[PDB]
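Heads up, what comes next is one protein chain in two forms, each shown on its own as structure tokens, labelled structure 1 and structure 2.
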Structure 1
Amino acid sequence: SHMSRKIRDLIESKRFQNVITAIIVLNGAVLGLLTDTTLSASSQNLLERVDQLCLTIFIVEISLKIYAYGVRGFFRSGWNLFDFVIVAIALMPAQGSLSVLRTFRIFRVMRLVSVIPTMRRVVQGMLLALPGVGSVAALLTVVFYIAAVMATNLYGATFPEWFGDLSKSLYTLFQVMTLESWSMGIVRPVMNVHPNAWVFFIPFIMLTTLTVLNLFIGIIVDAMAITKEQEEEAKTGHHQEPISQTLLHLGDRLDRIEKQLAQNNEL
């Protein structure tokens, strides 16, 4: 219809994006001011009303989008679903999550990512790069599990705060992989009791730092290439063809002229 089309043009405009971005920023600022314990009752009450007004603006925005695109059309996008979930969660008073309680209202500042297309493309590149590093990440997980079982059995009885159980071992091995006080804080005190403990910890460090750097580089290299392609597509409608595809078409043109020269010209 004409009306739904007039709304789609309004939603897709730069001005609408700018108003929504400004309200996300305002909402983030009021939640940031609400961390201050020294504020008066009236000051807190004022900021809480600004939070409610921001949330109402988002309800109008999402409802406006659901009508303009349709229920199936709106929920077809993962970003629209995220926008819907983030806003709808705040309207629910009794919440049943899978952790403790979603009292973190500040997570609605993540809508800056979903609303700004250049920011959206950065997160998209990162998310799309994840399956390609799955096996490297699985290898690191396997190394961690093996190491945590070994560390618990080896050092749990003599260093129970750091290695007393599997959970404690995983945590201090994560600390060890980040190189944080690994020697002065952990391994030299362990070696005072277990002089050969360096045979466990030094290969653990060498293996995990190499694997985690492989994991991070694999993510970054691929996320950068995906985002660059998505940026090209968002501006021109297409992306740059890979070097292999350019050389393929170059070879096809050479095969076409070879046939035209050997039989269609040399006869």
Structure 2
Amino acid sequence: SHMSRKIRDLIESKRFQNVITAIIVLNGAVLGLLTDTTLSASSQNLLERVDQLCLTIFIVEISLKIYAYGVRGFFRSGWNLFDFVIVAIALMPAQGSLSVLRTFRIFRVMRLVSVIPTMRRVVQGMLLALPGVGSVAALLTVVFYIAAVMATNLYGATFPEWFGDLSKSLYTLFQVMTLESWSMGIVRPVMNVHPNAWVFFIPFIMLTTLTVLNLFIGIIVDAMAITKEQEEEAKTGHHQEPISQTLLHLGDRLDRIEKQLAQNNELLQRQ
């Protein structure tokens, strides 16, 4: 229709993005002021209404989009669904789920990612890089589970605060992996009772730090290449051959042209 044609161009305008961005920043700034308990009852009521104002502008924004794109058209984008859920959850009447409350209204500032395209790209590259490190992430999960069971059996009776159960052991092994007081706080005290405890903890540190670095480098290198590759697909409109494919086949492509040159030289030398 005509009403669903200008609205899309209003939605796609730089100023509309900037207006929404300004309202996200504003909502975020009022939620930060609401952390101050010394504020007067009138100041709290004022900011709570600016929060209500900000939220209503997001209901108008999402409705404008659902109409101008359609239910199937809007929910076709993962970013729009995320934007929908962020706003729709604020109007959820006693939602049934394992948690505590929804005071986490500050997760509305996470919309700065979906609304700013330079930031949307960064998060997109990182998210697209996750499936590819699933195996490394699972190997790290296996090492933690094996280690947690071993630590609970070995040290739980003598160190119940740190290794009393599986939960306690996963928490202190995560601390050990982060190298946080691993020796002065955990292993030297454990070695006073179990002198060969270093046989367990030093290999655990060696293995988990390498794996977590592997996981992190893997995510970073992939996210960087995916982003670069997507920017090129956006600029030209043509599909970008991933760099790994270009590098894997560089040898094959060079020898083929070397051979095609030699046969063109053979037909040339004898004419």
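Numbers follow structure 1, counted from its first residue as 1. Definition used throughout: the rigid core is the maximal C-alpha set that superposes within 1.5 Å between two forms.
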Residue 51: CA shift of at least 2 Å between the two structures after core fit?
no
Cα of residue 63 displaced 2 Å or more between the two structures, core superposed?
no
Is it true that residue 231 shifts between the two structures by 2 Å or more at the Cα, once the core is aligned?
yes
Upon rigid core superposition, what is the positional shift of the Cα of residue 167 between the two structures, expressed in Å to one decimal?
0.3
Per-residue C-alpha deviation between the two structures [residue 99; rigid core superposition; Å]:
2.5
Keeping the rigid core superposed, can you check how far the CA atom of residue 253 moves between the two structures, in angstrom?
10.5
